[PDB]
Amino acid sequence: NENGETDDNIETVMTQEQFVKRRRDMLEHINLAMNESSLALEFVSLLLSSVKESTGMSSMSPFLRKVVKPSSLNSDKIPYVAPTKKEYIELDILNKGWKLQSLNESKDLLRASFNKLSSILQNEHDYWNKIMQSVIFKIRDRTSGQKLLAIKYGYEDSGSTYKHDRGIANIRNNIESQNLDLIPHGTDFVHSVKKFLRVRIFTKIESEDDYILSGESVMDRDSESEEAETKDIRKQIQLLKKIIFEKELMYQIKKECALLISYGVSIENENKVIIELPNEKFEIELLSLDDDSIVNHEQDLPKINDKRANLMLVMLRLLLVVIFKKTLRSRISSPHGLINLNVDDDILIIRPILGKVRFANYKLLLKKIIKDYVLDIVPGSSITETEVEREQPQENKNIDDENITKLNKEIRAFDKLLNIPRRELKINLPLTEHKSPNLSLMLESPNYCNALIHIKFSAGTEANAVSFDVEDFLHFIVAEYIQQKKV
Amino acid sequence: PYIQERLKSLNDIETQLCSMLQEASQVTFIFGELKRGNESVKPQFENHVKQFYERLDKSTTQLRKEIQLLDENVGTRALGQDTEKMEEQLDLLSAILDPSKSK
Amino acid sequence: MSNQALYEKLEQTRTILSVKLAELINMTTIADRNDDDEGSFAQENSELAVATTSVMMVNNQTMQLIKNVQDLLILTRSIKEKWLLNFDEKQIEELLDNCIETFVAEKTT
Amino acid sequence: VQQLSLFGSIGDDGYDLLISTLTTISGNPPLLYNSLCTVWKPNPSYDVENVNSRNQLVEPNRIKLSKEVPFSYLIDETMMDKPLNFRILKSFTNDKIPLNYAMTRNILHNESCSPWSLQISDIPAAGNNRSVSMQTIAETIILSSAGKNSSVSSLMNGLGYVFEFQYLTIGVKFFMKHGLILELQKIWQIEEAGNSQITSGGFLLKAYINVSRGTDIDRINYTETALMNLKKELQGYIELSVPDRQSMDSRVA
């Protein structure tokens, strides 16, 4: 209400000719009375008769050039009587009731358009009700630092640090709806144009036929139809959640950068494509320009690739909530703060780096190790794989905690999700009894590079043993093992 | 929040003030008829008249009272980081659950 | 603080009280009220200036009345503003993550 | 180490509010913590000069052993339970946790010993009007102990010190900008003849920054500023001031 009453009190208008002619009216119609008050200043020269009279006189430049003290009067106190006593004077006092009446008629008219002017202000009462229905960041912009323009609102990132261009800024339109400013991310009431993160996974098989690749993409579309109703901050709360998602895509920009540390696709410095060798497949995308920008026809068919692909997005998304979390571990925990993000691209690399690694590496390599263990497929034998390497390090949701009760909780939260981030290959073993021998091997991913380090002991009355830590040598070691096994 | 009540009490006091105007506007046009000698609605003139006085006295007590209340409320006693940090998981985790089995 | 802010509002209210009264009372004087009684102390003598009282009353009283209103609606909504100034928790999740991993990652056992 | 600091206080009344406020100013929650401090003086049976083999005027001072007590050794009721430190402090007001604190000084409940923070501080920097309390602290960490008499009490006696007095403090601390810490705290005297809360009535307020330098006038001057900004920002809500030096002198007294 106050703002709107202040708006009407800002003279403000965007009128062409309408606004123009009106102000010209003020100029001339005001000027007239200004000029006639100057006849009033000429009665001043009319005194003459005194030095202080001359002072008043010089009021006209023409008085400056019309030297005389000029005029003189006599006595008609009788004429004062006539002015007062005339039947005309009694009658003239009727001109007093008459003008005063028409002034009261004006007054009535003005008064009524006033309540109807308060009625356009009831549109605002409703807007405030709309705001009542449905961050208290306080800001000032347009520089100056004092006065200028000052207001308040919330934003997105908070605990843990992406770094650049991150926040939110919020103001109310005359349509009783709130416009969401961003202090960049440029305003468009509950946004203008939005990019969700998106994803997309291709597989190029053809049964190894013509190098035909198709994709499939796990799609995140709540709808294209948008509501976020005017006068409703509750709908704006929904728009604020949308804002959070937009801030999240900025996180996928960090993952883009974290790609830059790998040899899997980044082409021209203008687009980067996520992709991996086996069965040639591709998984997800978003150009070094951006992520997911909305404009397409909509039909529903799915596809096996598509179902898998929705699993990727949530993981990749999830994985950097981890980053968003182990950042805050350090922050909450120790003095300096965390600021400046992923040195050694050790912290960075986690996002999109360890998922790629995980899928591809351990798995393909394990498969390949298994064919090599088919080179030990020869003896009747037996051989088994566990999470045993996984069990031995990196336990999940443990009661132990860390330094503190407050600290302990967050540490624990990290740990169970930490399985996913840690995802090196577990490793395996094989054994024989009858005067008994034994051997064993561990597959280690170090960033999608694969080590296979093995062990072996033949337990008997007197002990003999060897342990060794490349796949070429592993093949050969297996051949040497056949000879020193039973055969 | 429950202050939205106190907010609506004042927004209504606002409508009371726009009535101080609406009412005294009649007082303007009605005293127009009255000094015009046509004693026609002299009782009705008195009515809407003590009514403009009444509306503004009610507004006067109501916003004066509201100011007293705000002083009383005053006498009475980043958020971003908190909920958001954790909640990350809650949405992505619940959604990862959703794509794994459903319906 | 709040006190100083209110004082202004109270003054505005007093102003609003004192001017519909001047519009009413000055109505009498504007309509012209020449008295056979010598004691009565309101004047409307000279032509222009005594009906000018009527032109000034219009702008003065009517804008002071409406103005007290505009200022008091500001006052109201100012106070309004003042007032608007203001899951699978567990390792259970470890299981969930393993599910997703096997799901997304390949091999059929 | 150099500890620049400002002090003040609030009645338990003000706590609730102050908390909500401090959380917003700092943007971190308050974090619950505690610590016991055991003070030692030179064995009054021995007697020593105030000079070195390097003719130096050296004054006798107290030693301060400090460490955390896990709350399990401190808290009166599970019913209260919960994680919230301020509502919990009302529970703690006027009177003691289990304590009898002697027990821990010599193990119990055949034993080695814990880690301690062994400190000795000097009177805050002489100053005609200081904007901030600036105090020097000599510290070493004891990691564990070994030998015949390995209880912390035996150790201190071996070094020629004697137990003087002790106190527990429980509070919340705020982690803040440029190493600024805010502790809202309560202190309890611990004696064998029972425990009393030194801070009964409210909370000791301490806003501080430990600086590694001392000899980097710049970082020292930066630190002054930090503290100033705080006192200033909260001015008209709570005054942070420099304590009387004389009142921070752990010497012989």
# chains A, B, ... in the order shown; residues from 1 in each chain; ligands from 1
call {"tool": "residues_around", "arguments": {"residues": "residue 65 of chain D", "least_positions_apart": "6", "cutoff": "8 Å", "atoms": "only C-alpha atoms", "output": "number ranges by chain"}}
result
D: 37-39, 116-119
call {"tool": "write_last_selection", "arguments": {"atoms": "N, CA and C atoms", "output": "compact mmCIF listing (two decimals), in the first residue's frame"}}
result
# COMPACT_ATOMS: atom_id res chain seq x y z
N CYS D 37 40.13 -27.43 33.07
CA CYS D 37 41.45 -26.87 33.25
C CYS D 37 41.94 -27.07 34.68
N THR D 38 43.13 -27.61 34.78
CA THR D 38 43.76 -27.87 36.04
C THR D 38 45.01 -26.99 36.16
N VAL D 39 45.03 -26.16 37.19
CA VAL D 39 46.10 -25.22 37.34
C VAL D 39 47.08 -25.70 38.39
N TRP D 116 47.15 -33.85 27.10
CA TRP D 116 46.82 -32.58 27.72
C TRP D 116 47.35 -31.45 26.91
N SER D 117 46.73 -30.29 27.11
CA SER D 117 47.23 -29.03 26.60
C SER D 117 47.88 -28.32 27.76
N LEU D 118 49.21 -28.26 27.70
CA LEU D 118 50.02 -27.66 28.74
C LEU D 118 50.42 -26.27 28.32
N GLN D 119 49.96 -25.30 29.10
CA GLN D 119 50.05 -23.90 28.73
C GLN D 119 50.56 -23.07 29.88
call {"tool": "interface_residues", "arguments": {"of": "chain A", "to": "chain C", "cutoff": "6 Å", "atoms": "only C-alpha atoms", "output": "mmCIF file with N, CA and C atoms, in the first residue's frame"}}
result
data_model
loop_
_atom_site.group_PDB
_atom_site.id
_atom_site.type_symbol
_atom_site.label_atom_id
_atom_site.label_comp_id
_atom_site.auth_asym_id
_atom_site.auth_seq_id
_atom_site.Cartn_x
_atom_site.Cartn_y
_atom_site.Cartn_z
ATOM 1 N N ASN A 1 0.811 -1.260 0.000
ATOM 2 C CA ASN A 1 0.000 0.000 0.000
ATOM 3 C C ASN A 1 0.838 1.301 0.000
ATOM 4 N N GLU A 2 1.823 1.385 0.897
ATOM 5 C CA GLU A 2 2.691 2.570 1.028
ATOM 6 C C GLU A 2 3.484 2.844 -0.245
ATOM 7 N N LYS A 96 -20.517 35.709 -2.743
ATOM 8 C CA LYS A 96 -19.734 34.920 -1.789
ATOM 9 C C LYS A 96 -20.338 33.532 -1.529
ATOM 10 N N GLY A 97 -21.653 33.481 -1.332
ATOM 11 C CA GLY A 97 -22.372 32.213 -1.203
ATOM 12 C C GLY A 97 -22.343 31.426 -2.496
ATOM 13 N N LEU A 100 -18.723 30.125 -3.394
ATOM 14 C CA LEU A 100 -18.471 29.149 -2.330
ATOM 15 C C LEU A 100 -19.250 27.853 -2.533
ATOM 16 N N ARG A 308 18.538 -46.808 -18.158
ATOM 17 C CA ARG A 308 19.871 -46.811 -17.527
ATOM 18 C C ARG A 308 20.356 -45.380 -17.297
ATOM 19 N N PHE A 359 32.401 -47.486 -13.913
ATOM 20 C CA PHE A 359 31.653 -48.206 -14.915
ATOM 21 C C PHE A 359 32.684 -48.924 -15.715
ATOM 22 N N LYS A 397 28.728 -46.436 7.347
ATOM 23 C CA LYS A 397 27.868 -46.027 8.467
ATOM 24 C C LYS A 397 28.275 -46.650 9.803
ATOM 25 N N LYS A 416 28.820 -43.932 3.940
ATOM 26 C CA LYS A 416 27.958 -44.872 3.214
ATOM 27 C C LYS A 416 27.834 -44.473 1.753
#
call {"tool": "select_by_dssp", "arguments": {"residues": "segment 318-463 of chain A", "states": "strand (DSSP E or B)", "output": "VMD selection string"}}
result
chain A and resid 383 to 385 428 to 431 437 to 444 451 to 458
call {"tool": "interface_residues", "arguments": {"of": "chain A", "to": "chain B", "cutoff": "9 Å", "atoms": "only C-alpha atoms", "output": "JSON, numbers by chain"}}
result
{"A": [1, 101, 102, 104, 105, 107, 108, 109, 110, 111, 112, 113, 114, 115, 116, 117, 118, 119, 122, 125, 128, 129, 132, 133, 135, 136, 137, 154, 155, 156, 157, 158, 159, 160, 307, 310, 311, 314, 315, 317, 318, 321, 322, 324, 325, 328]}
call {"tool": "residues_around", "arguments": {"residues": "residue 134 of chain D", "least_positions_apart": "2", "cutoff": "8 Å", "atoms": "only C-alpha atoms", "output": "number ranges by chain"}}
result
D: 2-5, 124-125, 132, 136
call {"tool": "decode", "arguments": {"residues": "segment 41-61 of chain C", "atoms": "N, CA, C and O atoms", "output": "compact mmCIF listing (two decimals), in the first residue's frame"}}
result
# COMPACT_ATOMS: atom_id res chain seq x y z
N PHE C 41 -16.23 37.27 15.00
CA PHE C 41 -14.90 37.56 14.43
C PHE C 41 -14.48 36.65 13.26
O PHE C 41 -13.45 35.99 13.33
N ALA C 42 -15.29 36.62 12.21
CA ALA C 42 -14.89 36.08 10.91
C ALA C 42 -15.18 37.14 9.85
O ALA C 42 -16.21 37.81 9.91
N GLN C 43 -14.28 37.31 8.88
CA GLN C 43 -14.45 38.35 7.87
C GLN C 43 -14.50 37.81 6.44
O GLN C 43 -13.73 36.91 6.07
N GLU C 44 -15.41 38.35 5.64
CA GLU C 44 -15.38 38.18 4.19
C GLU C 44 -15.88 39.48 3.56
O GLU C 44 -17.08 39.63 3.29
N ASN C 45 -14.95 40.41 3.37
CA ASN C 45 -15.23 41.75 2.84
C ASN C 45 -14.94 41.89 1.32
O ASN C 45 -15.84 41.73 0.47
N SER C 46 -13.68 42.18 1.00
CA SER C 46 -13.24 42.46 -0.37
C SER C 46 -13.56 41.35 -1.43
O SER C 46 -13.39 40.16 -1.15
N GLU C 47 -14.00 41.76 -2.62
CA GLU C 47 -14.39 40.88 -3.75
C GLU C 47 -13.51 39.65 -3.92
O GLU C 47 -13.75 38.58 -3.32
N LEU C 48 -12.50 39.81 -4.76
CA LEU C 48 -11.55 38.75 -5.10
C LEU C 48 -11.13 37.95 -3.86
O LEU C 48 -11.33 36.74 -3.82
N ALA C 49 -10.60 38.64 -2.86
CA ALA C 49 -9.97 37.95 -1.74
C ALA C 49 -10.92 37.18 -0.80
O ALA C 49 -10.50 36.17 -0.21
N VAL C 50 -12.19 37.59 -0.71
CA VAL C 50 -13.13 36.87 0.18
C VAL C 50 -13.72 35.63 -0.47
O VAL C 50 -14.09 34.68 0.24
N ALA C 51 -13.81 35.65 -1.81
CA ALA C 51 -14.15 34.42 -2.56
C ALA C 51 -12.89 33.63 -2.91
O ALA C 51 -12.96 32.44 -3.26
N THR C 52 -11.73 34.30 -2.81
CA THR C 52 -10.43 33.62 -2.88
C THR C 52 -10.26 32.70 -1.68
O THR C 52 -9.71 31.62 -1.82
N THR C 53 -10.72 33.13 -0.50
CA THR C 53 -10.78 32.23 0.64
C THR C 53 -11.41 30.92 0.18
O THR C 53 -10.92 29.87 0.54
N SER C 54 -12.47 30.97 -0.64
CA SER C 54 -13.10 29.75 -1.17
C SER C 54 -12.20 28.89 -2.10
O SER C 54 -12.20 27.66 -1.96
N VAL C 55 -11.45 29.54 -3.00
CA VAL C 55 -10.42 28.85 -3.81
C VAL C 55 -9.24 28.26 -3.01
O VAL C 55 -8.77 27.16 -3.35
N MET C 56 -8.76 28.97 -1.99
CA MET C 56 -7.71 28.46 -1.07
C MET C 56 -8.19 27.32 -0.19
O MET C 56 -7.47 26.34 -0.05
N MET C 57 -9.39 27.45 0.39
CA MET C 57 -10.03 26.40 1.21
C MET C 57 -10.03 25.09 0.46
O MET C 57 -9.58 24.07 1.01
N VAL C 58 -10.53 25.14 -0.78
CA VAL C 58 -10.56 24.01 -1.71
C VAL C 58 -9.23 23.28 -1.75
O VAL C 58 -9.15 22.16 -1.25
N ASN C 59 -8.19 23.93 -2.30
CA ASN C 59 -6.83 23.36 -2.33
C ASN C 59 -6.26 23.00 -0.93
O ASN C 59 -5.93 21.82 -0.70
N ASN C 60 -6.21 23.94 0.02
CA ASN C 60 -5.76 23.69 1.43
C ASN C 60 -6.43 22.54 2.19
O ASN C 60 -5.80 21.50 2.48
N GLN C 61 -7.69 22.76 2.55
CA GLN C 61 -8.42 21.81 3.36
C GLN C 61 -8.55 20.45 2.65
O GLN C 61 -8.22 19.40 3.21
